[PDB]
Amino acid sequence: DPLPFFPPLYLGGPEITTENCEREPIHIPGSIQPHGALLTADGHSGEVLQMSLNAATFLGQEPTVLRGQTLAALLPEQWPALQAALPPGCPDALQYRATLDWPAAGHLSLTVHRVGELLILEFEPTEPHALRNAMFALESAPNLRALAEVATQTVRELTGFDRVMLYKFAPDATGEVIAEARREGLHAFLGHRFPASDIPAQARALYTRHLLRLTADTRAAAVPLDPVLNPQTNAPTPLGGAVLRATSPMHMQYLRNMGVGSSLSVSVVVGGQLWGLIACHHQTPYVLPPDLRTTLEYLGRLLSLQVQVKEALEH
């Protein structure tokens, strides 16, 4: 039965059990994963409102100094570019990316998107023809099976992940591993099926709009935003569009129990519906840098197109 979200934990909401999976408000956890930092800022003035508690250690500045400046002063070269790329009223799915040379922290990748009157800024550390070669190989795959196999093998070669699977949704939202590339010694998931509640309905809706999510370390504690609520609204900060957003504790426990230290998946979206997932696993924690993740994002789109094409060749 579909039911509306509970309030999050920090607003006195209940703790999540196998009874109430579909009601955890996974988009507003009030916290991020510790391998990057996040700031929120007023979309018109550029006043800095919220920051992750670890921000001082990524950005090399005291909180009170950060919060006491506008983005115009903090990001003089990027602030006008942000404002042109992310105009008021734009969708929350639109992202702008730049690379910064920050004194204390080396090269940072900056990813920005806009939710209403809020700008959300994510900072992460950042670092030949493999993509072009893959694009052509995907297109020349003769059928859906060969496409799925080429796609899994390519992603594994690009990333070094222990396991890469193509997980396909059935009409009842149960899913099935239909191809996989895996490290020697791992047991096969190929052909196994899993119940629809393994990925609940409010996750599947979110995964149709925001096409890549990840858990870099399934044992890492989440880092709170400070303050936790958006001071504009005294309400929760929407983090559905932020890759840094904390994974749900239910899902992290599901993964630890499987022996997984790192997770990533790309949505494959066909005709406006979530067709399936490029889901990857690593046994140890593992951070895939932003520019490599971009390659996977591009492959997500290519695969969406090629899945349509291969399936049309099939009636």
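Don't overthink the numbering: it's just position in the shown sequence, from 1.
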Checking chain continuity here. Are there deposited residues lacking coordinates between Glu77 and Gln78, and if so is it 1 to 3, 4 to 9, or 10 or more (or none)? none
Higher of the two mean Cα B-factors (2 to 10, 306 to 314; per PDB record) comes from 306 to 314
Averaging only over Cα atoms, indicate whether 46 to 54 or 277 to 285 has the higher B-factor in the PDB entry. 46 to 54
Select one of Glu124, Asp101, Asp226, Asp172: the residue whose C-alpha shows the highest B-factor in the crystal structure entry. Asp101
When the entry's CA B-factors for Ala188, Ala216, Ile120, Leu82 are compared, the highest one belongs to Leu82
Which third, lowest, middle or highest, does the CA B-factor of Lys168 fall in along this chain? lowest
B-factor third for the C-alpha atom of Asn143 within its chain: middle
Quick tally, chain-level thirds of C-alpha B-factors: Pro238 sits in the middle
Is the Cα B-factor recorded for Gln33 in the lowest, middle or highest third of its chain? lowest
Assert third(CA B-factor, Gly160) within chain per record equals lowest
